[PDB]
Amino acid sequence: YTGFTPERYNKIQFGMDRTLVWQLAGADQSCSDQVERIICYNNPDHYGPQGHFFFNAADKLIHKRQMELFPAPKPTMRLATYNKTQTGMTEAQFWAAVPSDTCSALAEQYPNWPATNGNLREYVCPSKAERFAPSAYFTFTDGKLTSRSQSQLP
């Protein structure tokens, strides 16, 4: 598979039919449909950059994820910064504790689309640029931090 780009990711919008997402992403040339999700690849390295898309029962888009398509520009995440986050904090509080440039916009979900309540907004904040590097993960539910975790961060 090949050809799934940032530009195609930015064309894909919530509420789009599975068939429309598939076509805009590059269809058979770019994507694999695994029922639970579609995975669309930048290039033939399946460990490389990719987008994942998930749908509700009406086959409308409710969840976008991306890995390495929009990388954190300056990955420098450390415990000192992780320690400044807490359950319940707002997005504004979070971005005052953690620099935006150390985090990638991992996922955006509207499970109840076309309703926008219960929005899930996820970030991965890597310690360095290397694939599989220790990173912190954060999830916001309607703008409040509901999960924070890290594995082996320095």
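In case it trips you up, residue 1 is the first one in the sequence shown, and so on.
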- Query: Do the CA atoms of 80-88 or those of 67-75 have the higher mean B-factor in the entry?
  - Reply: 80-88
- According to the deposited model, is the average Cα temperature factor higher in 7-15 or in 142-150? 142-150
- Item | Residue selected from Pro126, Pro111, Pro99, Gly51 by maximal Cα B factor | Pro99
- Message: Using only modelled residues of the chain, where does the Cα B factor of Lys60 rank: lowest third, middle third or highest third?
- Response: lowest
- Quick tally, chain-level thirds of C-alpha B-factors: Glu122 sits in the lowest
- Note on the structure: Sorting the chain's modelled residues by C-alpha B-factor and splitting them into thirds places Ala25 in the lowest
- Task: State the tercile, meaning the lowest, middle or highest third, of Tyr41 with respect to the CA B-factors recorded for its chain.
- Result: lowest
